[PDB]
Amino acid sequence: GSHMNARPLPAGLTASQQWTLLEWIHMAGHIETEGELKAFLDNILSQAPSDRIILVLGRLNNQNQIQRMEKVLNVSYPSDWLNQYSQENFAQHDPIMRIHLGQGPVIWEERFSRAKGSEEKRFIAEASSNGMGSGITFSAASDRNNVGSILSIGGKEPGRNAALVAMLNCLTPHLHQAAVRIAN
Amino acid sequence: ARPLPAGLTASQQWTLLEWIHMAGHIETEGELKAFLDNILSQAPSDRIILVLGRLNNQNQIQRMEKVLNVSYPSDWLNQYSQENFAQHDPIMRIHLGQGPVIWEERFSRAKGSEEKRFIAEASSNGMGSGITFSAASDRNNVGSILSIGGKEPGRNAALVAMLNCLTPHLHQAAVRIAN
Ligand SMILES: CCCCCCCCCC(=O)N[C@H]1CCOC1=O
Ligand SMILES: CCCCCCCCCC(=O)N[C@H]1CCOC1=O
């Protein structure tokens, strides 16, 4: 069952990290509103003016890719970047929108380097000029409804912190269930 | 959100984290039942049920939406349902979201003659002692109780604190299954 197939918890966390992860997952399971989700992510993840954090709940295709955004839960992507992303249909050129939700974390660099299209390259240049040339995306999908969420965090630093990556990866299914409560 | 329990050992904390993590992945009724039975029947002849209900304005169950039996006796559930015991059961009067309620303590404080009649009947059916955990959500519109009948309710302080902490997550799972 889905409870048994829950992604495995991290091995080798410090006592401090284990306690933090327990706090995070316990708290996430109480989030009922957009306001609470944003405050929670601000509280546990926000670090600096240069932060780039967003959570997106989407309707999925047969490869667990987001076909339609159901709910966008912004924390620190620039307001006008989202406008531009909508206005210029970036979802069609953004390599991160092609991820198969429910796989492990995806470092942007690995997808950005494999760009072939001039237009994909243009999007990546534009993203870079907005502080989003590097980053990491965590994901989770429900088993019994075709919805899933991605948690994106900009910058090189998060992906190089092994403990944080493992912790955020385990938190992500809980953020997804929160997003589903918020969207309902 | 209720606070994490203080004073757990590292292995107890890890156990609780595993349970909350697993609970947050439950999407089906079969999954919730299997989860409760496999982890909570840590016991022998302890009797376990989860009930999801709509709440009145004092956080009491006013309508049962989902009964999720684990190990309440078939016969007791038959009797309870057939004789409308929910009316007279002091455990059904809990303000959902409060800390654990030990049945003995609640039973001794019951004044109504109907209440006292129910208690005697529960006792002769092996349902005389137990503990009930609870949680409420959605602006206190709905809530669940996790009830465990058995020998000495709150003996194992760490386990009681762990189950209290887990309960809101079991409630959210029940809500997912019932909606
Ligand atoms: C109108 C709502 C737009 C919401 C856009 C959500 C995009 C999620 C995937 C993501 O993190 N892509 C990064 C990669 C570089 O630049 C981005 O933006
Ligand atoms: C429609 C009947 C099914 C609902 C039965 C659920 C009862 C939940 C409250 C509870 O745990 N009360 C204990 C107290 C003594 O004996 C019980 O049973």
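Chain letters run A, B, ... following the sequence lines, proteins first, then strands; residues in each count from 1. Below, all heavy atoms of this structure are taken into account, side chains as well, without hydrogens, waters or symmetry copies.
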Chemist: If you round to the nearest 0.5 Å, how far is NE2 of A:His174 from CD of B:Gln172?
Modeler: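 Separation between the atoms: 12.5 Å.
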Chemist: When you look at CE of A:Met4, are more than 12 heavy atoms from neighbouring residues, nucleotides or ligands closer to it than 6.0 Å?
Modeler: no
Chemist: Honestly curious: do A:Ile150 and A:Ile54 fall in one hydrophobic cluster under the side-chain, below-4.5 Å linking rule?
Modeler: yes
Chemist: Should B:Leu55 and B:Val51 be counted in the same cluster of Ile, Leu, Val, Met, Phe, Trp and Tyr side chains packed under 4.5 Å apart?
Modeler: yes
Chemist: If you draw a 6.0 Å radius around CG in A:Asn83, do more than 12 non-hydrogen atoms from other residues or ligands fall strictly inside?
Modeler: yes
Chemist: With a 4.5 Å cut-off on side-chain heavy-atom distances among I, L, V, M, F, W and Y, is there a chain of contacts connecting A:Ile124 to A:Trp108?
Modeler: yes
Chemist: Tell me whether A:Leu9 shares a hydrophobic cluster with A:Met167, the cluster being built from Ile, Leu, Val, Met, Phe, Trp, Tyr side chains joined at under 4.5 Å.
Modeler: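 Yes, same cluster.
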Chemist: With a 4.5 angstrom heavy-atom cut-off, could you sort out which part of A:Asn145 is near chain B: side chain, backbone, both or neither?
Modeler: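 It is the backbone, since no side chain atom gets that close.
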Chemist: Under 4.5 Å, heavy atom to heavy atom, which residues of residues 15-49 of chain A contact chain B?
Modeler: A:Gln18, A:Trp19, A:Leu21, A:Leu22, A:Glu23, A:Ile25, A:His26, A:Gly29, A:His30, A:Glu32
Chemist: With a 4.5 angstrom heavy-atom cut-off, is it the side chain or the backbone of A:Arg181 that approaches chain B, or both, or neither?
Modeler: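 Side chain only.
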Chemist: Treating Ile, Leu, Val, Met, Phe, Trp and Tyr as nodes and any side-chain heavy-atom pair under 4.5 angstrom as an edge, say whether B:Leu77 and B:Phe85 lie in one connected cluster.
Modeler: yes
